[PDB]
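First comes the structure, then the notes that go with it.
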Protein chains: 2
Amino acid sequence: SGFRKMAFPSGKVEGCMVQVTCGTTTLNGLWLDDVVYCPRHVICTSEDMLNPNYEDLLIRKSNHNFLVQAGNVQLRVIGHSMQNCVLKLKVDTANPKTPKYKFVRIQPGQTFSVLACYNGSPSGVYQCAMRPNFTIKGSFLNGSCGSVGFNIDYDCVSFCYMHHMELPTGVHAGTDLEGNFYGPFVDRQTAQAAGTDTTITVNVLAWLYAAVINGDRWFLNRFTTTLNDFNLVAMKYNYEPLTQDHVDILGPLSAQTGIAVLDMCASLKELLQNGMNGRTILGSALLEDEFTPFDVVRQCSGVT
Amino acid sequence: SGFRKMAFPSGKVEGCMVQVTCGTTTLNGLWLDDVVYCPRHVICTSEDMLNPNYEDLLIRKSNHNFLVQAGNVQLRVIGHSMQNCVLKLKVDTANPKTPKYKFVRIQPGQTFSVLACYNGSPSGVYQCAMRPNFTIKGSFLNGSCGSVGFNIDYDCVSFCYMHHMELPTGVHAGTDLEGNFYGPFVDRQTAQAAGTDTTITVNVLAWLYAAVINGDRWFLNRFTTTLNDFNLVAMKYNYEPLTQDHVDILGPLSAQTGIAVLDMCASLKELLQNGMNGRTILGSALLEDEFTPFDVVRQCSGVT
Ligand SMILES: COC[C@H](NC(=O)C[C@@H]1C(=O)Nc2ccc(F)cc21)c1cccc(Br)c1
Ligand SMILES: COC[C@H](NC(=O)C[C@@H]1C(=O)Nc2ccc(F)cc21)c1cccc(Br)c1
């Protein structure tokens with residue numbers, strides 16, 4: 001028993017991290033096969049960031065200007081190209097530690113592990129969710145750009161995120177591995193607003209099921225609700241509307257606990273309306289939304 | 001900016017995890033050099049666990065009874081010995097992935113990363129603290145025994161914990177890598193009480209400094225206190241008494257923020273006495289104590 005904000009083991013991703021330097025800017029790159037992927041803003045100076053013309057900036061750069069270092073060994077760059085907001089630096093050596101991998105674009109509300117890196121070196125790993133507003137609440141400092149988000153299914157790493165920037169609000173924005181930003185963000189040092197963030201309702205319910213499985217049951221009540229009644233409450237508390245697709249994904253947890261999804265919705269409704277009254281659920285004094293139903297089943301069943 | 005419950009990158013530890021089977025029991029082992037370390041209760045049947053005589057049980061076991069598998073390859077056991085609550089299985093092959101390592105006994109209040117494993121395979125990684133009562137609030141299911149806790153300093157892994165059991169209360173107990181239990185626990189399926197747990201005050205203050213660094217400042221007040229006045233409050237709220245050693249360790253964070261430690265203590269005092277009034281600090285509605293002053297500096301400076 002016990003429930004923790006668990007990240008995937010980061011080993012397969014650590015073996016892919018490299019340092020990329022261009023001019024005076026250093027950030028992280030991801031070395032898979034004979035390609036190094038990194039944020040295209042590696043070619044910018046702090047002055048360029050205010051309004052960069054990436055096409056014009058990249059034209060003043062040659063293969064030899066991109067310094068790629070894997071540990072203490074230098075990689076030879078034989079090609080460079082820009083795909084959306086990422087650069088693909090072709091190198092002459094395939095990464096011997098390349099895991100089985102995929103590039104995936106995750107949906108908002110989905111979770112992933114971030115391997116925070118500096119100078120091509122891993123510093124830490126944590127689990128987070130892609131917010132409904134397509135930002136992530138990460139932990140990133142200067143030099144962390146190019147750090148990636150991922151999920152692991154047995155031996156396959158699905159890379160879903162590459163870190164690019166921190167908004168003036170302190171939340172984080174980045175791209176998929178094809179360089180497409182999640183959300184309306186651009187890689188420019190300009191004021192950019194993330195829209196209203198909402199709570200990922202299906203994840204809160206999944207975590208309530210995890211709480212019941214792990215012994216925390218005080219919040220269970222004698223009430224039930226309907227999807228429409230629940231959604232009136234979800235709207236008022238800036239929670240994502242619950243759909244039958246979400247009820248269906250919660251099926252396994254409903255079956256395991258014997259608590260019908262709409263009954264768990266009524267417990268959630270009462271927690272939203274009355275608060276926690278100074279009590280905790282799984283060591284938290286707020287409703288946690290960064291665990292998907294898949295994460296709850298995985299952690300509660302020991303999937304390796 | 002941003003502050004997360006970050007674990008160390010687990011790669012160096014993943015390369016050491018093996019599966020150990022004895023009879024019908026399977027758990028995890030740690031393969032370092034030519035030795036595999038695992039909980040000695042791998043030799044028990046569920047019936048033995050109620051009151052095991054490990055010496056007598058181990059005498060009915062030979063080298064060939066310990067099945068050690070690293071991935072899909074079998075290791076040849078050439079020796080076995082019990083050291084406190086761990087078994088050391090000597091194998092004929094040194095682990096080619098053995099990192100630079102140390103075995104350390106951590107102090108209560110210190111933090112470490114746990115690589116949860118099942119059948120010698122890593123499932124997840126999370127950060128936790130050794131509670132003042134020498135338990136950990138982990139996430140462990142059947143087969144997780146032998147999963148280890150560790151810290152990493154550049155290239156050196158300091159192993160500090162090996163998982164052995166879950167108390168009937170749902171908290172976890174284990175040993176250092178010499179097999180010495182943290183706390184009064186024994187490896188027996190009997191009712192065992194963990195003493196009163198207290199909040200790690202120096203860690204809460206460190207996290208309050210992390211909150212100030214990352215923009216969360218609402219809790220700062222116009223008050224100050226003394227170590228004795230603060231400790232009267234700490235005693236009432238089951239917080240560990242603050243010492244000058246703790247004030248000294250908080251020195252760097254006090255210097256970075258310009259907030260004297262006793263002034264941060266007065267903010268903590270007011271938070272203990274008044275609560276949070278429905279507000280949050282670093283995304284938490286409770287006072288977080290599983291970050292040491294070292295963790296705060298490391299995360300806030302990007303140490304890799
Ligand atoms: C180097 O400043 C530029 C800035 N970079 C970050 O926010 C990246 C990084 C971060 O997540 N936090 C943080 C804190 C301190 C830093 F020095 C750097 C960071 C940027 C702004 C707008 C668009 C783009 Br693309 C990049
Ligand atoms: C196999 O039960 C024995 C038990 N093992 C655990 O608690 C280990 C493990 C855990 O942390 N949770 C959990 C949940 C379900 C399990 F089946 C196993 C676990 C034990 C009790 C007393 C002393 C000793 Br040593 C070991």
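We label chains A, B, ... in the order they appear in the structure tokens, count residues from 1 in each chain, and number ligands from 1 in the order shown.
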- Identify every residue of chain A that has at least one atom within 7 Å of any atom of chain B, counting only C-alpha atoms, and report the result as a ChimeraX atom specification. /A:1-11,14,118,121-126,137-141,170,285-286,302-304
- Item | 12 Å contact set for residue 294 of chain A, only C-alpha atoms, chain neighbours under 3 positions out, as an MDAnalysis selection string | chainID A and resid 109:112 151 153 202:203 205:207 209:210 246 249:253 290:291 297:303
Could you write out that same residue set with C-alpha atoms as a PDB file, in the first residue's frame?
ATOM      1  CA  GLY A 109      -4.749  15.788 -18.714  1.00  0.00           C
ATOM      2  CA  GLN A 110      -2.276  13.001 -19.539  1.00  0.00           C
ATOM      3  CA  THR A 111       0.781  12.545 -17.340  1.00  0.00           C
ATOM      4  CA  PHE A 112       4.472  12.048 -18.023  1.00  0.00           C
ATOM      5  CA  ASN A 151       6.262   7.630 -20.695  1.00  0.00           C
ATOM      6  CA  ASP A 153       5.660   0.890 -21.794  1.00  0.00           C
ATOM      7  CA  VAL A 202     -11.184  12.227 -14.370  1.00  0.00           C
ATOM      8  CA  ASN A 203      -7.725  12.281 -12.640  1.00  0.00           C
ATOM      9  CA  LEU A 205     -11.729  10.690  -9.409  1.00  0.00           C
ATOM     10  CA  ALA A 206      -8.940   8.219 -10.240  1.00  0.00           C
ATOM     11  CA  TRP A 207      -6.980   9.511  -7.202  1.00  0.00           C
ATOM     12  CA  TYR A 209     -10.312   5.561  -6.139  1.00  0.00           C
ATOM     13  CA  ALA A 210      -6.554   5.231  -5.250  1.00  0.00           C
ATOM     14  CA  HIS A 246     -14.142   9.416 -18.656  1.00  0.00           C
ATOM     15  CA  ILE A 249     -11.958   4.796 -18.458  1.00  0.00           C
ATOM     16  CA  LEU A 250     -12.796   4.755 -14.701  1.00  0.00           C
ATOM     17  CA  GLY A 251     -14.551   1.355 -15.222  1.00  0.00           C
ATOM     18  CA  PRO A 252     -11.679  -0.838 -13.957  1.00  0.00           C
ATOM     19  CA  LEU A 253     -11.283   1.247 -10.762  1.00  0.00           C
ATOM     20  CA  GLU A 290      -1.901  14.730 -11.715  1.00  0.00           C
ATOM     21  CA  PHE A 291      -2.640  10.945 -11.632  1.00  0.00           C
ATOM     22  CA  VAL A 297      -4.036   1.031 -11.883  1.00  0.00           C
ATOM     23  CA  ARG A 298      -0.306   0.815 -12.786  1.00  0.00           C
ATOM     24  CA  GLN A 299       0.905   1.934  -9.340  1.00  0.00           C
ATOM     25  CA  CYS A 300      -1.721  -0.079  -7.470  1.00  0.00           C
ATOM     26  CA  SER A 301      -0.788  -3.253  -9.499  1.00  0.00           C
ATOM     27  CA  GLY A 302       3.047  -2.858  -9.702  1.00  0.00           C
ATOM     28  CA  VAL A 303       3.507  -2.638 -13.507  1.00  0.00           C
TER      29      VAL A 303
END
- Query: Which residues sit within 10 Å of ligand 2, counting only C-alpha atoms and all ligand atoms, listed as a ChimeraX atom specification?
  - Reply: /A:1-2 /B:25,27,39-42,44-52,85,138-147,163-168,170-174,185-192
When DSSP is applied to the backbone of this structure, which of segment 46-179 of chain A are assigned strand (DSSP E)? Write them out as an mmCIF file with N, CA and C atoms, in the first residue's frame.
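Output below, filename states_32.cif:
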data_model
loop_
_atom_site.group_PDB
_atom_site.id
_atom_site.type_symbol
_atom_site.label_atom_id
_atom_site.label_comp_id
_atom_site.auth_asym_id
_atom_site.auth_seq_id
_atom_site.Cartn_x
_atom_site.Cartn_y
_atom_site.Cartn_z
ATOM 1 N N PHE A 66 27.407 23.879 -34.415
ATOM 2 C CA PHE A 66 26.627 23.163 -33.418
ATOM 3 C C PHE A 66 27.527 22.182 -32.696
ATOM 4 N N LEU A 67 27.876 22.489 -31.469
ATOM 5 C CA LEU A 67 28.754 21.643 -30.679
ATOM 6 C C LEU A 67 27.947 20.679 -29.854
ATOM 7 N N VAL A 68 28.024 19.396 -30.200
ATOM 8 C CA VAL A 68 27.248 18.368 -29.515
ATOM 9 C C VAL A 68 28.187 17.484 -28.747
ATOM 10 N N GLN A 69 27.997 17.390 -27.429
ATOM 11 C CA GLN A 69 28.854 16.584 -26.584
ATOM 12 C C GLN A 69 27.997 15.594 -25.782
ATOM 13 N N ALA A 70 28.352 14.304 -25.853
ATOM 14 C CA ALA A 70 27.688 13.206 -25.144
ATOM 15 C C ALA A 70 28.669 12.767 -24.057
ATOM 16 N N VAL A 73 32.585 12.985 -24.811
ATOM 17 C CA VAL A 73 32.954 12.792 -26.205
ATOM 18 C C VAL A 73 32.158 13.684 -27.138
ATOM 19 N N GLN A 74 32.860 14.251 -28.105
ATOM 20 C CA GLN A 74 32.257 15.127 -29.073
ATOM 21 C C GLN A 74 31.611 14.355 -30.225
ATOM 22 N N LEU A 75 30.426 14.793 -30.656
ATOM 23 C CA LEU A 75 29.760 14.193 -31.805
ATOM 24 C C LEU A 75 30.000 15.059 -33.030
ATOM 25 N N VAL A 77 28.765 16.687 -36.317
ATOM 26 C CA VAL A 77 27.507 17.090 -36.944
ATOM 27 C C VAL A 77 27.659 17.119 -38.470
ATOM 28 N N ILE A 78 26.850 16.325 -39.148
ATOM 29 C CA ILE A 78 26.900 16.209 -40.600
ATOM 30 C C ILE A 78 25.663 16.755 -41.309
ATOM 31 N N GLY A 79 24.726 17.312 -40.558
ATOM 32 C CA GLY A 79 23.511 17.869 -41.124
ATOM 33 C C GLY A 79 22.745 18.638 -40.075
ATOM 34 N N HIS A 80 21.978 19.629 -40.507
ATOM 35 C CA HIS A 80 21.128 20.380 -39.588
ATOM 36 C C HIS A 80 19.881 20.829 -40.314
ATOM 37 N N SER A 81 18.771 20.778 -39.612
ATOM 38 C CA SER A 81 17.502 21.200 -40.179
ATOM 39 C C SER A 81 16.530 21.570 -39.088
ATOM 40 N N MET A 82 15.627 22.481 -39.410
ATOM 41 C CA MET A 82 14.642 22.955 -38.467
ATOM 42 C C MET A 82 13.300 22.358 -38.819
ATOM 43 N N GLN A 83 12.621 21.786 -37.826
ATOM 44 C CA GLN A 83 11.295 21.212 -38.011
ATOM 45 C C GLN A 83 10.489 21.900 -36.956
ATOM 46 N N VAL A 86 11.958 22.792 -33.292
ATOM 47 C CA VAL A 86 13.123 22.000 -32.912
ATOM 48 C C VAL A 86 14.146 21.958 -34.028
ATOM 49 N N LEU A 87 15.410 21.781 -33.657
ATOM 50 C CA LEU A 87 16.468 21.522 -34.620
ATOM 51 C C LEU A 87 16.782 20.030 -34.541
ATOM 52 N N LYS A 88 17.071 19.440 -35.689
ATOM 53 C CA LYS A 88 17.490 18.067 -35.853
ATOM 54 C C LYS A 88 18.921 18.159 -36.394
ATOM 55 N N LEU A 89 19.876 17.790 -35.572
ATOM 56 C CA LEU A 89 21.283 17.812 -35.949
ATOM 57 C C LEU A 89 21.646 16.383 -36.283
ATOM 58 N N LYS A 90 21.937 16.108 -37.550
ATOM 59 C CA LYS A 90 22.322 14.765 -37.954
ATOM 60 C C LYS A 90 23.767 14.567 -37.510
ATOM 61 N N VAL A 91 24.051 13.475 -36.805
ATOM 62 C CA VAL A 91 25.426 13.178 -36.383
ATOM 63 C C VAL A 91 25.942 11.924 -37.097
ATOM 64 N N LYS A 100 14.217 1.495 -27.474
ATOM 65 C CA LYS A 100 13.071 1.410 -28.408
ATOM 66 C C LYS A 100 12.233 2.650 -28.072
ATOM 67 N N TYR A 101 11.883 3.438 -29.078
ATOM 68 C CA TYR A 101 11.209 4.687 -28.807
ATOM 69 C C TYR A 101 10.172 5.053 -29.843
ATOM 70 N N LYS A 102 9.314 5.989 -29.450
ATOM 71 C CA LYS A 102 8.268 6.581 -30.266
ATOM 72 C C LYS A 102 8.179 8.061 -29.904
ATOM 73 N N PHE A 103 7.709 8.887 -30.830
ATOM 74 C CA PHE A 103 7.399 10.274 -30.540
ATOM 75 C C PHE A 103 5.903 10.332 -30.530
ATOM 76 N N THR A 111 -0.391 12.334 -18.165
ATOM 77 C CA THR A 111 0.781 12.545 -17.340
ATOM 78 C C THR A 111 2.036 12.038 -18.011
ATOM 79 N N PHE A 112 3.189 12.499 -17.521
ATOM 80 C CA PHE A 112 4.472 12.048 -18.023
ATOM 81 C C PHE A 112 5.567 12.398 -17.034
ATOM 82 N N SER A 113 6.725 11.763 -17.197
ATOM 83 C CA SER A 113 7.873 12.020 -16.339
ATOM 84 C C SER A 113 8.790 12.996 -17.052
ATOM 85 N N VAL A 114 9.399 13.929 -16.322
ATOM 86 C CA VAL A 114 10.339 14.894 -16.879
ATOM 87 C C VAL A 114 11.700 14.582 -16.313
ATOM 88 N N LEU A 115 12.711 14.479 -17.175
ATOM 89 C CA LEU A 115 14.076 14.300 -16.695
ATOM 90 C C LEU A 115 14.728 15.668 -16.865
ATOM 91 N N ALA A 116 14.810 16.422 -15.774
ATOM 92 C CA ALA A 116 15.409 17.749 -15.796
ATOM 93 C C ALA A 116 16.903 17.598 -16.026
ATOM 94 N N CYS A 117 17.437 18.317 -16.997
ATOM 95 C CA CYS A 117 18.852 18.242 -17.341
ATOM 96 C C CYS A 117 19.482 19.613 -17.442
ATOM 97 N N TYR A 118 20.796 19.679 -17.221
ATOM 98 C CA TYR A 118 21.612 20.898 -17.339
ATOM 99 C C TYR A 118 22.925 20.465 -17.954
ATOM 100 N N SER A 121 23.458 16.859 -18.656
ATOM 101 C CA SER A 121 23.543 15.997 -17.483
ATOM 102 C C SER A 121 22.248 15.971 -16.679
ATOM 103 N N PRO A 122 21.754 14.765 -16.396
ATOM 104 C CA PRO A 122 20.490 14.651 -15.649
ATOM 105 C C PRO A 122 20.618 15.098 -14.205
ATOM 106 N N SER A 123 19.665 15.913 -13.737
ATOM 107 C CA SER A 123 19.697 16.382 -12.358
ATOM 108 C C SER A 123 18.604 15.752 -11.527
ATOM 109 N N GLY A 124 17.427 15.549 -12.113
ATOM 110 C CA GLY A 124 16.321 14.966 -11.368
ATOM 111 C C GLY A 124 15.175 14.523 -12.230
ATOM 112 N N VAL A 125 14.267 13.768 -11.641
ATOM 113 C CA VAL A 125 13.119 13.257 -12.359
ATOM 114 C C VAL A 125 11.863 13.470 -11.536
ATOM 115 N N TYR A 126 10.803 13.937 -12.188
ATOM 116 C CA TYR A 126 9.530 14.137 -11.504
ATOM 117 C C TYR A 126 8.375 13.882 -12.450
ATOM 118 N N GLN A 127 7.208 13.616 -11.884
ATOM 119 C CA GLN A 127 6.031 13.321 -12.650
ATOM 120 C C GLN A 127 5.145 14.537 -12.685
ATOM 121 N N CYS A 128 4.556 14.820 -13.836
ATOM 122 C CA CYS A 128 3.634 15.936 -13.952
ATOM 123 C C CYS A 128 2.536 15.635 -14.978
ATOM 124 N N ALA A 129 1.569 16.530 -15.074
ATOM 125 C CA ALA A 129 0.495 16.403 -16.033
ATOM 126 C C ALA A 129 0.597 17.546 -17.015
ATOM 127 N N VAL A 148 13.406 16.567 -21.569
ATOM 128 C CA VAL A 148 12.256 15.928 -22.164
ATOM 129 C C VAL A 148 11.334 15.258 -21.167
ATOM 130 N N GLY A 149 10.094 15.118 -21.598
ATOM 131 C CA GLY A 149 9.026 14.418 -20.916
ATOM 132 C C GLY A 149 8.777 13.128 -21.670
ATOM 133 N N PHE A 150 8.413 12.083 -20.938
ATOM 134 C CA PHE A 150 8.226 10.779 -21.553
ATOM 135 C C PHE A 150 7.367 9.855 -20.706
ATOM 136 N N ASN A 151 6.928 8.757 -21.325
ATOM 137 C CA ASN A 151 6.262 7.630 -20.695
ATOM 138 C C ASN A 151 7.016 6.361 -21.146
ATOM 139 N N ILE A 152 6.951 5.283 -20.359
ATOM 140 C CA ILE A 152 7.612 4.029 -20.729
ATOM 141 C C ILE A 152 6.605 2.884 -20.671
ATOM 142 N N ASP A 153 6.516 2.082 -21.741
ATOM 143 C CA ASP A 153 5.660 0.890 -21.794
ATOM 144 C C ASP A 153 6.624 -0.281 -21.986
ATOM 145 N N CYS A 156 9.729 0.343 -24.330
ATOM 146 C CA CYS A 156 9.555 1.436 -25.274
ATOM 147 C C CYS A 156 9.326 2.788 -24.607
ATOM 148 N N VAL A 157 10.162 3.763 -24.949
ATOM 149 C CA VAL A 157 10.016 5.118 -24.419
ATOM 150 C C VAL A 157 9.249 5.978 -25.397
ATOM 151 N N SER A 158 8.106 6.509 -24.984
ATOM 152 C CA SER A 158 7.337 7.416 -25.813
ATOM 153 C C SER A 158 7.681 8.811 -25.355
ATOM 154 N N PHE A 159 8.457 9.527 -26.160
ATOM 155 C CA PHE A 159 8.807 10.907 -25.836
ATOM 156 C C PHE A 159 7.638 11.766 -26.213
ATOM 157 N N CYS A 160 7.155 12.600 -25.277
ATOM 158 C CA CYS A 160 6.003 13.434 -25.558
ATOM 159 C C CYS A 160 6.257 14.914 -25.361
ATOM 160 N N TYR A 161 7.365 15.323 -24.717
ATOM 161 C CA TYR A 161 7.555 16.742 -24.426
ATOM 162 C C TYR A 161 9.005 17.155 -24.509
ATOM 163 N N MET A 162 9.283 18.382 -24.956
ATOM 164 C CA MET A 162 10.631 18.948 -24.908
ATOM 165 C C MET A 162 10.465 20.341 -24.335
ATOM 166 N N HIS A 163 11.223 20.647 -23.302
ATOM 167 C CA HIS A 163 11.104 21.928 -22.627
ATOM 168 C C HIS A 163 11.677 23.072 -23.430
ATOM 169 N N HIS A 164 10.905 24.173 -23.554
ATOM 170 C CA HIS A 164 11.386 25.353 -24.263
ATOM 171 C C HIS A 164 11.399 26.602 -23.412
ATOM 172 N N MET A 165 10.345 26.844 -22.606
ATOM 173 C CA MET A 165 10.312 28.127 -21.900
ATOM 174 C C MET A 165 9.475 28.198 -20.678
ATOM 175 N N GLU A 166 9.735 29.234 -19.883
ATOM 176 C CA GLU A 166 8.942 29.545 -18.729
ATOM 177 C C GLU A 166 8.214 30.829 -19.047
ATOM 178 N N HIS A 172 5.378 26.353 -17.299
ATOM 179 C CA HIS A 172 6.272 25.967 -18.368
ATOM 180 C C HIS A 172 5.549 25.566 -19.672
ATOM 181 N N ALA A 173 6.219 25.818 -20.780
ATOM 182 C CA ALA A 173 5.700 25.546 -22.112
ATOM 183 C C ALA A 173 6.780 24.898 -22.942
ATOM 184 N N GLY A 174 6.341 24.017 -23.817
ATOM 185 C CA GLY A 174 7.245 23.263 -24.653
ATOM 186 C C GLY A 174 6.542 22.610 -25.807
ATOM 187 N N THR A 175 7.269 21.715 -26.477
ATOM 188 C CA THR A 175 6.775 21.116 -27.690
ATOM 189 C C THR A 175 6.696 19.589 -27.645
#
- Record the distance separating atom CA of residue 36 of chain A and atom CA of residue 17 of chain A, expressed in Å with one decimal.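 Atom CA of residue 36 of chain A sits 9.1 Å away from atom CA of residue 17 of chain A.
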- Item | Closest of B:258, B:265, B:199, B:211 to residue 229 of chain B - atom-to-atom distances counting only C-alpha atoms |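 Nearest candidate to residue 229 of chain B out of B:258, B:265, B:199, B:211: B:265.
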- Task: Could you give me, as an NGL selection string, the residues within 8 Å of residue 131 of chain B, counting only C-alpha atoms and dropping anything in the same chain fewer than 6 positions from it?
- Result: :B and (108-109 or 197-198 or 200)
Deliver the residues from the most recent selection as a file, using N, CA, C and O atoms, as a compact mmCIF listing (two decimals), in the first residue's frame.
# COMPACT_ATOMS: atom_id res chain seq x y z
N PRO B 108 17.56 10.32 10.43
CA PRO B 108 16.13 10.66 10.30
C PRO B 108 15.99 12.13 9.88
O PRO B 108 16.80 12.98 10.26
N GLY B 109 15.03 12.40 9.01
CA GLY B 109 14.82 13.72 8.44
C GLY B 109 15.51 13.89 7.09
O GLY B 109 15.18 14.82 6.35
N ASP B 197 5.18 10.05 15.16
CA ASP B 197 5.94 10.74 14.15
C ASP B 197 5.82 12.23 14.36
O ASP B 197 4.83 12.73 14.93
N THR B 198 6.88 12.92 14.06
CA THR B 198 6.93 14.36 14.18
C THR B 198 7.26 14.97 12.82
O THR B 198 7.72 14.27 11.90
N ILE B 200 9.44 17.27 10.39
CA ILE B 200 10.85 17.65 10.31
C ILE B 200 10.94 19.17 10.09
O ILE B 200 10.90 19.66 8.97
- If you run DSSP over the backbone, which residues in segment 113-248 of chain A end up alpha helix (DSSP H)? Put them as a ChimeraX atom specification. /A:201-213,227-236,244-248
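Between atom CA of residue 228 of chain A and atom CA of residue 245 of chain A there is a distance of 14.3 Å.
Of the listed residues A:32, A:234, A:247, A:212, the one whose atoms come nearest to residue 273 of chain A is A:234, with distances taken using only C-alpha atoms.
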- Query: Nearest to residue 216 of chain A among A:94, A:57, A:282, A:271, with distances taken over only C-alpha atoms: which residue is it?
  - Reply: A:282
